[PDB]
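Each protein sequence line maps, in turn, to chains EB, FB, m, FA and EA.
Number 74 in the deposited numbering belongs to position 74 of the first sequence; there are no gaps in the numbering.
Just so you know, the second sequence maps onto residues 1 to 37, 47 to 439 in the deposited numbering.
Number 410 in the deposited numbering belongs to position 41 of the third sequence; there are no gaps in the numbering.
Number 206 in the deposited numbering belongs to position 206 of the fourth sequence; there are no gaps in the numbering.
Number 357 in the deposited numbering belongs to position 357 of the fifth sequence; there are no gaps in the numbering.
Ideal placement from N, C-alpha and C gives every residue a C-beta, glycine not left out.
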Amino acid sequence: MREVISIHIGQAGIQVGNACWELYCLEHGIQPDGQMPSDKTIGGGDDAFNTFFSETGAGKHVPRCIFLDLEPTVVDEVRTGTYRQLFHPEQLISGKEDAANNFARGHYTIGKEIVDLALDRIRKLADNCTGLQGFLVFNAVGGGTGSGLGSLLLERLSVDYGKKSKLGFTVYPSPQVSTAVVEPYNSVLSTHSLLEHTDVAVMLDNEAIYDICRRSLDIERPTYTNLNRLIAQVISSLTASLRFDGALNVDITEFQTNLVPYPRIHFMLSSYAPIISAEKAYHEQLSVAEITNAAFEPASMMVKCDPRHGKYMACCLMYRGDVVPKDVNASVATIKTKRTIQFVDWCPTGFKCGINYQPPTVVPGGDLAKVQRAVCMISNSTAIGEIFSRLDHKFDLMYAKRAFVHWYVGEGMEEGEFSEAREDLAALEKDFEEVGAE
Amino acid sequence: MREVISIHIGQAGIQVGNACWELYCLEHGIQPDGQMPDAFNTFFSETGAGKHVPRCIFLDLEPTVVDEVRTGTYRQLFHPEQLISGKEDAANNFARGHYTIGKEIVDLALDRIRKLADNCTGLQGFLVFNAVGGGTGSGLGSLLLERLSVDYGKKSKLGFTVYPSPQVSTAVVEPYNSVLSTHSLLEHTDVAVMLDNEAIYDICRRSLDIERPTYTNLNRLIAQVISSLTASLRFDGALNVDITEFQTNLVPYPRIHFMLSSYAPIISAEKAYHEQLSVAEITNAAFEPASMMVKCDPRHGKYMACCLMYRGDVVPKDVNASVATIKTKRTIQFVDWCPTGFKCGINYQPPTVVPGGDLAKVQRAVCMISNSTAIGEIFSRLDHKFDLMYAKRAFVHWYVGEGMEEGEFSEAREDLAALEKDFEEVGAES
Amino acid sequence: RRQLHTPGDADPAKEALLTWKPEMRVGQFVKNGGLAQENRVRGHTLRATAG
Amino acid sequence: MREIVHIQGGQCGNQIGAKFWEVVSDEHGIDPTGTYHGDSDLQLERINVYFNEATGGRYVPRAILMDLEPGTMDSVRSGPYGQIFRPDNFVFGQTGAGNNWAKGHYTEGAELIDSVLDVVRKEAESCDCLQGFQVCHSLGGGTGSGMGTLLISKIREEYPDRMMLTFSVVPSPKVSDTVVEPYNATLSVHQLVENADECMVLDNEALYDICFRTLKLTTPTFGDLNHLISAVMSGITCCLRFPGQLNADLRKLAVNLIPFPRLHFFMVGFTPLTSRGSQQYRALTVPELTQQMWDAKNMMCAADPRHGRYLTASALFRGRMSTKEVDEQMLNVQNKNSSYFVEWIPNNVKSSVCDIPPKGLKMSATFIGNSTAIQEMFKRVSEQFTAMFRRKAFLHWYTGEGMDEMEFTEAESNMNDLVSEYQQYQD
Amino acid sequence: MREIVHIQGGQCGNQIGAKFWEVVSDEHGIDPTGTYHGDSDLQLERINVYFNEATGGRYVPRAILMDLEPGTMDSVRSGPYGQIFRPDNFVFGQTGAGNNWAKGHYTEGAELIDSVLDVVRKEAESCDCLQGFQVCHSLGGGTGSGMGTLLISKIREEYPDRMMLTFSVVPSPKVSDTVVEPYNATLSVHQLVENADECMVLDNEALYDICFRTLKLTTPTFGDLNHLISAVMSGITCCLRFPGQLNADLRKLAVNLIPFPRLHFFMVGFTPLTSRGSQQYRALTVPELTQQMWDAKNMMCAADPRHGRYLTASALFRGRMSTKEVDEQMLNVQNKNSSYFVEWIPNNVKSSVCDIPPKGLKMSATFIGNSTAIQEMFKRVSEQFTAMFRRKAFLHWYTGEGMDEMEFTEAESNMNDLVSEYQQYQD
Ligand SMILES: Nc1nc2c(ncn2[C@@H]2O[C@H](COP(=O)(O)OP(=O)(O)OP(=O)(O)O)[C@@H](O)[C@H]2O)c(=O)[nH]1
Ligand SMILES: Nc1nc2c(ncn2[C@@H]2O[C@H](COP(=O)(O)OP(=O)(O)OP(=O)(O)O)[C@@H](O)[C@H]2O)c(=O)[nH]1
Ligand SMILES: Nc1nc2c(ncn2[C@@H]2O[C@H](COP(=O)(O)OP(=O)(O)O)[C@@H](O)[C@H]2O)c(=O)[nH]1
Ligand SMILES: Nc1nc2c(ncn2[C@@H]2O[C@H](COP(=O)(O)OP(=O)(O)O)[C@@H](O)[C@H]2O)c(=O)[nH]1
Ligand SMILES: [Mg+2]
Ligand SMILES: [Mg+2]
């Protein structure tokens, strides 16, 4: 059976979770109170597979998700918002005080008390489902709750749930547009745990989605709401092959064997090809060969890196809508004959193509327009070594004479734990260089 | 014909029975005045023409709680002389309720037990309700259980008692009264089911999410446990588990008969629609340690034997399929010499909801009563508190002056001292 | 004792067991463009068990 | 001129036989009231085997319903086809064994064994020539096991030249309904090895596996598990109640399937089981009956027939069929896999023909097998019995009724002796 | 009296077979239910080859559907001609191989390869005389490759004298769909060499050339590729199902094609492929069919027949033709192009004529060609493997389920020997 459990840690996890579950409800037609309409439920009451909802009694659906965060004032907005009656009230997990941008607090002092209550609902969701394919993790490594509780929770699911995939969509500190001072400290310590625990990690960067909104959407005034509504469009298009069928279905377990060549190398870029506003969508001809070219453009990448600097290891193409399975094949031949992009010499077949038969559902009040086709591009590149090397440079600057260390040292952690994550990131840096070497 | 006689001793006994009989009258359709507008004969006697009386006695030396029943909404339900009262209570003294003031009322109680036993054709067992923290719950409970064993030999004595919590306790001399109660309850009570206030305190906090519950909210779901135990007699099912079924299926050794209690679905009104209640989930929830009605960690102990009472829409595979999953679970542990350990019962009647109560309407429910080696942790805490106060003879002149001799404290301590040695002996792997 | 209906007899396929009726048929259902699949009262446990 | 007296013991035996008389009276044409409405002449010609003539054309079963609690008796009478039984035959106690085997055998069963032997005698000399006695009970309970073997021991001393059919549901490996299954079963099998003449071994989880994997019923209760047993029940005695090309009565099944007097435990299985949606795809002809009949998934016991060699087997075929095709089919299955059949007995399978098929089918079969694979279900009860008896757990209830530990050791030795000789024939 | 058991594996195998059973059922007149409704009496003469007779006149196919992902079992029965298949034959897993050859062959096979053998053993026993087995799968994925070859390994040890038709698609030169496709093919072809008695080579991008240029479909459906494959899979067995002037079973096709045991990989073409805009103007004659037969682009393989000589070829003609016209046309293509045929084998082309053409065409022909030109395809798969294996990329997954790097090195041992053994006859 096909089913995933989504977990959302930190402030960025909940806000993405609010946008994603808004998209999932409109995908399946679930009303905000939690009831499918009476005309839809006239069929068989059995629900043999639903990767995001579980049938409860008669006509009631609850999401297979938990909202854990140490700060209560962000999950209470979900608890008082328009989706109050959808989520199970025990699934929303609050806390007394936030980690406050501290990996030490989220992992040792205050994250240890709430992680046992979080695992209780994970077990209560594990036995309720039959075929578990993976855990979807949403957090930002810049924050204390995303880094500290994210490292502690992913460590427990590794021991408790062996060999289960754990696909983590994480937000990393931007080179320029970043909101916190201790983001280099929290991101470096996060990669010490995210390297070996998560199965596949898809990189998301804050200002790269800002640049997409300014250029493609011509929204001169973007906020976090506008960013998450198309971050959610990435997640739904990534998992659309489970919920709906197509010519070439691609499961979550089909990602791992086709995208990561080495166990340590599992950080991925992300791209969404047609991102067009309302007034531009009618005149533009959104063809399969047109959007496939746009997916591999450096501007459409959601991580602020230049793919021309690196080399593509493997690429995954998530096609949605009315796509015949040869214009995707005609597009790959045009993409692979181009010399501006670079595929590595030891990977002759680099493309993983998947097709779904449903167009993306447009969120009402959203910024995206209704498009017949969509390409969600997930690629493995050696250009991601540029992202971790910059965070390595910023972390070494402040650690040179030990700034912002008494906060981390006092709340449980020791001095030497900073150097271990620095060495783990540095050893990961040369791992990306040696795999790109011919 | 099946019948069962329930007695209630002490402040906790009357209040629990005030909550048990309001649930019993609701299940059978009995109105508060006592008139129904074949299954009621287990607890109610057919009296005259279209009128029923409970097969119960409310005895207590403290007349205030008994007079509350006399002036309450169930004045027309109970026979007036089963509401036995006393002049003044034992007042947190085991020696008072067992030697001096207990003797003047135990003869009247035994006489009315005989009049109830003569009315019933086939008696299966006696239900006792008491708290060992008090005087008459300990003293008069010890005296009545001693006399009822001699008067009715080889009849089951089903014990429903409340022990003091390690943390939450409302009196000082409760460890003194508890230890002397265990000496009498060891050999006279056939089967003892433990209850702890602080564990049932936590269940209403976590599961029923009410942050100010009182004694009424506990006793309302105490009655859910008691009704689920004896629902096999009142209502039909695929697998009936009678009272005499419950003795030999749960008690391996004569001196080991204390047991833990658990009721699986503890769900509020708003929590009911969201949660998908099925047999697998409640069987998981029944074995969850925070759902236990006695404050102990079953992970520390060993499950000696378990009993399951399934009430409502339960098919016989789902109880069997869930037990296979519970037996393969590793965080719980069964003892090595008991490979066949699970006793299951299915009753077709769903549980009823009281108006103004907190529990929501559920299609299926599980009451889990099991024997465990973790019960010795309760006795160790009560022994440690008793040994601390008895170290230099505090709160002893009240007991010594009122009939009891000094050495009676020592022999009751030795009874519990050997009781701890038996749990670790039976729990040791061989 | 009070007589109660056995709850397990609500299944339509169990209304006549051990009889050879070849014309009994199985329905299917579709969930908003999802995979069309067999309709039983509890088909999930027959398909992929539980746990 | 041959007839069978039916005895039902315990909650299981009362419930199993209630569905047994549901399918037999429907097969012989008796309505729920008690009269006869069948449209076939062959139904009424042999009805004295299970029914007694009454005034006005009423037919009453030869069923002695015996237990220790009045709750199970009222449920049987309240259900459909429960009013055909004789109210005088409803013998019962008042207290109940509570699944204490010593209580049903010595303490409580003693003052009822005179009452139940009074009425099984009344059924005995009322009729002409007894073919045997059929009893259905459990081995894990105490009402149908402790008192049931008490009846069988007394009814064998009274009538020692008659057949004895026992349909005993045995304790299960994976799941348990009580806690004292190894104590009751080892005591009951010790009584059943000398007293009972031939035994049907049943087990609930194999009934559960049949109605889940094969029948594709996602929620079957005890109601249709007994229906599976009821078709087994009618398949054994189909030769008596209806004619056939090859007649094999209960004595002929006894002499063929029992090589040595302690080799009397068998497993059983009903042949034509197909899920409701797949009935159109499955053709109903003898070769596809034989492959399902010999399938390990079709055995209603916990024993897997692939582990042990078949000492002796038999097929109870019903319907319109050809003897020339069945004989070569039974020859072919002995030659396709000759390793699964014992060597020193040629022609291990004896097949019989009944021309009247059961209701709702044009062809059916019932399989009785004597294989040494039944040592698996016995030895695990013996393994569970030795686990608790060495610690004397749950024994003070049994020794308070007069049975000391000597009978527990004697039952243990006989149980180990029974599995000692099963393995001696597998080698 | 000759029958074929069909097994479909994976996403590709299930959809190919469903389109195969779409086509092969209509030409015998069986509707989606199973009832015969054809207008000719010769259709019912050989129904046994691909259908089992059931009660009520329903015909059920001899198809076994296997997969590790339960989504495809929704994909087969809910499409057209989806209700003919037996629900017992719907044997499937729960997790999906996920394009891993190790998961299909080592881990997830072991819980399912026992179950799929029980269906095949049941279907082979119900037959009277097996002509051979026919499987269709993919060499690109993991479900049809790892588990698909696992059944082929386990079915040759049970039935060693029966033929084995494999219709397997391979990785493509131009454009692909799965990244680890060279890994899955090299392991599967390593297994397919020794067990599969004959192999048919397919690839989607040769069919894309056929659909876009010969049939001139502007936007061909993904199932339109399957209809080219389905017409072939009916064409190989066309002489079995119907009478003909020259009888040629699967054995006569086998014994005439392979000169040596290891050269059992064939490349296949289908002759009468014309666009609908020019179907009026085309005259279907024997010179017309043969000219389209030997064309390089009409082949369903990426190997160009001009590069390597034709070692042995076979043609299966359907319709009303003249034996003299067919024989003199096959001698014409050998004499006109003698450099493209091997010298030490005279009379390379063995032709067969069947008098029942397919539906909608008065004349048709299916071409099978064993040539050394197919070594270009296997070397192209092998050169993709050695690029990835030399740095152990995408290898930690495959060694995760148990296999070592030694089995990867042995995969290129038989792959490079296969292309070298093809090479020694080209010169
Ligand atoms: N895309 C997106 N990113 C967000 C959002 N909110 C916060 N972020 C990112 O998160 C960073 C701020 O730290 P957080 O991860 O939110 O802090 P936290 O996880 O709650 O940890 P604590 O604040 O210590 O509780 C910012 O730099 C943003 O990049 C959001 O709504 N959408
Ligand atoms: N669950 C529950 N427990 C109670 C209730 N009332 C008293 N208790 C428990 O009983 C203990 C006091 O002992 P009791 O036996 O009730 O005292 P008593 O019955 O008044 O004894 P006397 O003073 O001699 O009359 C307290 O510590 C409580 O834990 C009640 O209404 N419900
Ligand atoms: N076949 C069948 N077995 C049953 C049924 N009800 C209970 N059982 C079995 O009987 C055993 C319990 O024995 P019990 O009924 O207490 O024996 P009793 O005391 O003699 O009636 C369980 O292990 C069940 O497997 C039923 O309806 N059908
Ligand atoms: N011709 C054809 N090719 C198919 C079909 N289905 C899948 N394929 C091809 O099979 C390849 C991948 O097969 P895959 O789904 O991974 O097989 P599996 O995972 O082992 O079951 C793709 O490149 C497709 O081109 C089909 O119906 N027809
Ligand atoms: Mg925060
Ligand atoms: Mg008081």
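Roughly how many whole angstroms lie between the Cα atoms of residue i and residue j?
{"i": "residue 114/EB", "j": "residue 321/EB", "result": "42 Å"}
{"i": "residue 395/EB", "j": "residue 227/EB", "result": "27 Å"}
{"i": "residue 102/EA", "j": "residue 23/EB", "result": "36 Å"}
Can you pull the DSSP bridge partners for residue i?
{"i": "residue 314/EB", "result": "380/EB"}
{"i": "residue 6/FA", "result": "63/FA and 134/FA"}
Using beta carbons (cut-off 8 Å, strictly below), is residue i in contact with chain FA?
{"i": "residue 74/EA", "result": "no"}
{"i": "residue 400/m", "result": "no"}
{"i": "residue 253/FB", "result": "yes"}
{"i": "residue 60/EA", "result": "yes"}
Does chain m have any CB closer than 8 Å to the CB of residue i?
{"i": "residue 127/EB", "result": "yes"}
{"i": "residue 115/EA", "result": "no"}
{"i": "residue 107/EA", "result": "no"}
{"i": "residue 57/EA", "result": "no"}
{"i": "residue 169/FB", "result": "no"}
Using a Cβ-Cβ distance cut-off of 8 Å, determine whether residue i contacts chain EA.
{"i": "residue 404/m", "result": "yes"}
{"i": "residue 288/EB", "result": "no"}
Would you say residue i lies against chain EB (beta-carbon separation less than 8 Å)?
{"i": "residue 182/EA", "result": "yes"}
{"i": "residue 41/FB", "result": "For residue 41/FB, no position is available: the coordinates of chain FB end at 37 and pick up again at 47."}
{"i": "residue 411/m", "result": "yes"}
{"i": "residue 394/m", "result": "no"}
I'd like to check one pair, residue j with residue i: are the Cβ atoms closer than 8 Å?
{"i": "residue 305/EB", "j": "residue 332/EB", "result": "no"}
{"i": "residue 60/EA", "j": "residue 91/EA", "result": "no"}
{"i": "residue 98/EA", "j": "residue 142/EA", "result": "yes"}
Could you name the residues of the stretch 49-66 of chain EB whose beta carbon sits closer than 8 Å to any beta carbon of chain FB, in the order they occur along the chain? 54, 55, 56, 57, 60 and 62
Anything in the stretch 77-99 of chain FA with a Cβ closer than 8 Å to a Cβ of chain FB? List those residues in chain order, please. Within the stretch 77-99 of chain FA, the qualifying residues are 94, 95, 96, 98 and 99.
Contact residues within the stretch 338-366 of chain FB, judged by C-beta distance below 7 Å to chain m: 357 and 358
For the stretch 87-116 of chain EB, list every residue whose C-beta sits within 9 Å of some C-beta in chain FB, in sequence order. For chain FB, the residues of the stretch 87-116 of chain EB that bring a beta carbon within less than 9 Å of one of its beta carbons are 87, 88, 89, 90 and 91, in chain order.
Quick one, which residues of the stretch 375-390 of chain m are near chain EA if we go by CB-CB under 7 Å, in chain order? none
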